[PDB]
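Just so it is clear, the values below take in all heavy atoms, side chains as well, and ignore hydrogens, waters and symmetry mates. Residue numbers begin at 1 in each chain, while the letters A, B, ... track the order of the sequences.
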Amino acid sequence: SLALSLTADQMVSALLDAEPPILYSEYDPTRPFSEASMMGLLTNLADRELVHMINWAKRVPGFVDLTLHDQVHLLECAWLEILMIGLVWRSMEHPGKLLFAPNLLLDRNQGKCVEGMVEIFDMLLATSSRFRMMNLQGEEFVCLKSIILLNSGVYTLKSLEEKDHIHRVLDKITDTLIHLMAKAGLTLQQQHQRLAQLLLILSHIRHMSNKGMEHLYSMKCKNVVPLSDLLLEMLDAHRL
Amino acid sequence: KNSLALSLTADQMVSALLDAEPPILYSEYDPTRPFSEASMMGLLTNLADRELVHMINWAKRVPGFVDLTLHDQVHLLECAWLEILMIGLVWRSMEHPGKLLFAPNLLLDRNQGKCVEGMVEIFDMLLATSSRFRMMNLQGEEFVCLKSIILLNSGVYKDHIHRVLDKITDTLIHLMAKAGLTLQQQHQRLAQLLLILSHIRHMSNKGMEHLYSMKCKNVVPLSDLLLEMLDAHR
Amino acid sequence: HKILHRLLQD
Amino acid sequence: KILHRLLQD
């Protein structure tokens with residue numbers, strides 16, 4: 001495996017180089033939007049982001065070492081966590097707002113336009129606020145995103161010591177986080193505290209993803225918000 | 001007002017947490033292995049209802065928790081209660097691979113789970129978590145630290161909680177250094193344990209969905225306490 | 001009024 | 001299966 005041979009700096013460089021781009025929405029201020037069509041902007045955006053995420057995942061060290069079945073499973077488990085942590089990252093500098101796209105910046109007032117989204121909105125805002133107070137670094141963010149990809153579906157016969165390989169890569173990403181923090185001049189106590197602070201965020205990201213998946217399944221059944229074939233297949237994986 | 005939790009030493013934090021532990025409760029002494037969703041879900045919600053009373057009094061004894069307002073205590077417990085039951089379940093299931101020890105007289109295996117719609121999937125997730133804890137040789141002192149982290153973290157969306165959370169991190173590291181681990185093994189193990197908390201969150205959210213579906217099916221009456229704790233998740 | 005409110009006061 | 005095909009391409 002190439003993943004296990006990388007140094008911490010080579011790991012960060014690889015992850016930084018694999019970053020997907022920030023996409024634009026189809027939002028138009030002159031166009032009236034309904035709750036349905038505003039949510040349409042977000043599901044259309046997420047669909048386009050998913051294509052980039054799939055090709056990003058191939059560049060996460062260790063991910064292509066896995067079978068195709070396992071790669072499918074990890075992305076089916078983690079895709080909304082990964083979209084959401086990216087959303088939170090790019091919203092850091094916009095307190096009280098979510099930057100879905102450079103042309104789509106929404107506050108809580110617009111989050112209440114669609115019913116049932118206010119809570120998820122507020123949770124995303126709280127997570128971004130937490131990143132801002134921690135002064136989360138881009139190098140730490142790309143580490144957290146790869147951990148989500150590898151970790152979120154690892155616990156969902158003989159052959160599969162694939163789980164062992166995933167665990168050794170995750171250990172390497174932990175080493176990489178600690179190296180970043182040591183270079184930031186943190187004391188060892190501060191390094192362990194910050195590492196814990198970052199990993200506990202992942203629990204909240206998991207929570208928000210689960211709640212988002214529930215509302216997404218609801219939006220499908222209402223059959224008013226367009227959902228792409230890929231989104232429907234991703235959503236279907238979380239139901240069976 | 002300053003909190004006593006921050007002045008505790010690591011060994012005092014560990015002792016406080018061990019002494020706060022609730023007991024391991026029993027199910028009914030009926031010797032019939034349950035298979036129907038009726039008897040199974042009756043036994044499990046009855047057990048959870050009794051465990052919740054002990055959990056609330058355990059939470060009051062977690063350092064820093066009583067420094068919070070009543071409203072914040074309510075919120076954290078409403079957010080975290082099923083995660084806390086589930087991590088307790090997987091802890092006491094460690095020494096029984098392939099089975100879940102809901103109580104010393106209620107050990108269930110995968111075959112009973114597949115007689116209840118939707119149970120097998122959460123069953124297998126719980127078993128995998130138990131197995132992972134077993135293979136990491138998770139210690140009781142580490143377990144009570146993680147359970148307190150869940151209580152304080154899961155609904156934390158506060159400066160006081162974050163300082164208490166940091167103190168618990170200090171305490172986990174202290175235990176691992178006391179157990180002889182190298183510096184690298186310490187942060188690697190700390191990461192491994194905290195990443196399992198993401199899976200415990202996932203199992204709680206899946207279980208909460210199933211408990212609500214069981215509520216609407218009205219298959220067995222639920223306690224008012226269990227219903228309000230469930231209701232808080234909507 | 002929640003039961004949890006009462007039990008946390010005991 | 002779309003995700004399967006995109007991972008294979």
Is there a side chain to side chain donor-acceptor pair (under 3.5 Å) between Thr174(A) and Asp171(A) once you walk through the steps? CA-CA 5 Å; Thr174(A) 300; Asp171(A) 280 345; 5.0 Å; no
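- A donor-acceptor pair shorter than 3.5 Å cannot be found between the side chains of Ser15(B) and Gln12(B).
- Counting only distance, with no hydrogens or angles, the side chain of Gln191(A) and the backbone of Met181(A) share no donor-acceptor pair below 3.5 Å.
- Rounding to the nearest 0.5 Å places CG of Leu100(B) at 4.5 Å from OG of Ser93(B).
- No more than 12 heavy-atom neighbours from other residues, nucleotides or ligands sit within 6.0 angstrom of CG on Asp224(B).
- Remark: side-chain polar atoms of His204(A) are not paired, donor with acceptor, to backbone N or O of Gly155(B) under 3.5 angstrom.
- Without hydrogens or angle criteria, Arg163(B) side chain to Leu6(B) main chain gives no donor-acceptor distance under 3.5 Å.
- Within the model, atoms NE2 of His207(A) and CG of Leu202(A) stand 14.5 Å from one another, a figure rounded to the nearest 0.5 Å.
- Checked against salt bridge (charged side-chain N to carboxylate O under 4.0 Å, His left out), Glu228(B) has no partners two or more places apart in sequence or in another chain.
- With sequence neighbours excluded, no residue forms a salt bridge (charged side-chain N to carboxylate O under 4.0 Å, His left out) with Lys58(A).
- The side-chain heavy atoms of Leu146(B) and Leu172(B), taken from C-beta on, include a pair separated by under 4.5 Å.
- Rounded to the nearest 0.5 Å, atoms CG (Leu7(D)) and CG (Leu75(A)) are 5.5 Å apart.
- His73(A) contributes a side-chain N or O that, together with a main-chain N or O of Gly153(A), makes up a donor-acceptor pair within less than 3.5 Å.
- Heavy-atom minimum distance, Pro34(B) versus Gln112(B): O-OE1, 3.1 Å.
- Looking at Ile173(B) and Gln189(A), their side chains never come closer than 4.5 Å, going by heavy atoms from C-beta outward.
- The shortest heavy-atom contact between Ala18(A) and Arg59(A) is CB-CB, 3.5 Å.
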Criterion side chain to side chain donor-acceptor pair (under 3.5 Å) on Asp65(A) and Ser1(A), from CA distance to verdict: CA-CA 7 Å; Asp65(A) 296 337; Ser1(A) 178; 2.6 Å; yes
Give the intermediate values and the outcome of side-chain contact (heavy atoms from CB on, under 4.5 Å) for residues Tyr217(A) and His238(A). CA-CA 9 Å; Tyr217(A) 172 81; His238(A) 263 77; over 6 Å; no
side-chain contact (heavy atoms from CB on, under 4.5 Å) between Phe141(A) and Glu19(A), worked out: CA-CA 11 Å; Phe141(A) 161 71; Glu19(A) 270 297 277; 3.5 Å; yes
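- Residues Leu150(A) and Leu74(A) share a closest heavy-atom pair of O-CD2, 3.9 Å.
- For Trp81(B) (side chain) and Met229(B) (main-chain N/O), a donor-acceptor pair under 3.5 Å exists by modelled atom type.
- By the 4.5 Å heavy-atom criterion applied to side chains, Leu231(A) and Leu235(A) are not counted as neighbours.
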Take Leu47(B) and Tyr26(B) through the test side-chain contact (heavy atoms from CB on, under 4.5 Å) and record every step on the way to the result. CA-CA 8 Å; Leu47(B) 171 67; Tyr26(B) 282 79; over 6 Å; no
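- The shortest heavy-atom contact between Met84(A) and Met208(A) is CE-O, 3.4 Å.
- Under the 4.5 Å side-chain criterion, counting only non-hydrogen atoms from C-beta, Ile166(A) is not in contact with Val169(A).
- In this structure, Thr45(B) and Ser223(B) have side chains that are not in contact, with every pair of non-hydrogen atoms separated by 4.5 Å or more.
- In this structure, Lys147(B) is positioned above the aromatic face of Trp58(B), its NZ or CZ under 6.0 Å from the six-membered ring centre and within 45° of the axis.
- Between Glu76(A) and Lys1(D), at least one side-chain nitrogen of the basic residue sits less than 4.0 Å from a carboxylate oxygen of the acidic one, meeting the salt-bridge criterion.
- Using modelled atom types and a 3.5 Å distance limit, the side chains of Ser154(B) and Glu83(B) yield a donor-acceptor pair.
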Verdict with supporting geometry, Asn46(B) and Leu43(B), side-chain contact (heavy atoms from CB on, under 4.5 Å): CA-CA 5 Å; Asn46(B) 183 107; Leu43(B) 292 177; 5.9 Å; no
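- When all heavy atoms of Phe123(B) and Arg110(B) are compared, the pair lying nearest together is CE2-N, 3.6 Å.
- The line from CD1 of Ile56(B) to CD1 of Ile3(C) is 9.0 Å long, rounded to the nearest 0.5 Å.
- For residues 137-146 of chain B, the set of pairs meeting the salt bridge (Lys or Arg N to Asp or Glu O under 4.0 Å) definition, not counting sequence neighbours, comprises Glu142(B)-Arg189(B).
- Note that the OG atom of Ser198(B) and the CD1 atom of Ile201(A) stand 12.0 Å from one another [nearest 0.5 Å].
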Could you walk me through whether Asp9(A) and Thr7(A) pass the side chain to side chain donor-acceptor pair (under 3.5 Å) check? CA-CA 5 Å; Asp9(A) 290 324; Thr7(A) 73; 5.3 Å; no
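- Salt-bridge check for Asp231(B) with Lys215(B): failed, with every basic side-chain N at 4.0 Å or more from each acidic carboxylate O.
- Although no hydrogens or angles enter the test, the distance criterion places a donor-acceptor pair under 3.5 Å between the side chain of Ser148(B) and the main chain of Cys145(B).
- Between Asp170(B) and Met13(B), the closest side-chain pair of non-hydrogen atoms is not below 4.5 Å.
- Formation of a donor-acceptor pair under 3.5 Å by the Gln185(B) side chain with backbone atoms of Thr182(B) is found in this model.
- Between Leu87(A) and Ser128(A) the shortest side-chain heavy-atom distance does not fall below 4.5 Å.
- For the pair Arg130(A) and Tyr157(B), the cation-pi criterion (under 6.0 Å, within 45° of the ring axis) is not fulfilled.
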For the pair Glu37(B) and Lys114(B), evaluate salt bridge (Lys or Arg N to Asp or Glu O under 4.0 Å) and give the outcome as yes or no after the intermediate values. CA-CA 10 Å; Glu37(B) 64 175 5; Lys114(B) 54 189 193 178; over 6 Å; no
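- Interatomic distance, CG of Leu82(B) versus CG of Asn205(B), reported as 8.5 Å (0.5 Å rounding).
- In this structure, the side chain of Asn151(A) does not engage the main chain of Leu170(A) through any donor-acceptor pair within 3.5 Å.
- Atom CZ of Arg50(B) has more than 12 neighbouring heavy atoms from other residues, nucleotides or ligands inside a 6.0 Å radius.
- Closest of all the heavy-atom pairs between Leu149(A) and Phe63(A) is CD2-CD1, 3.5 Å.
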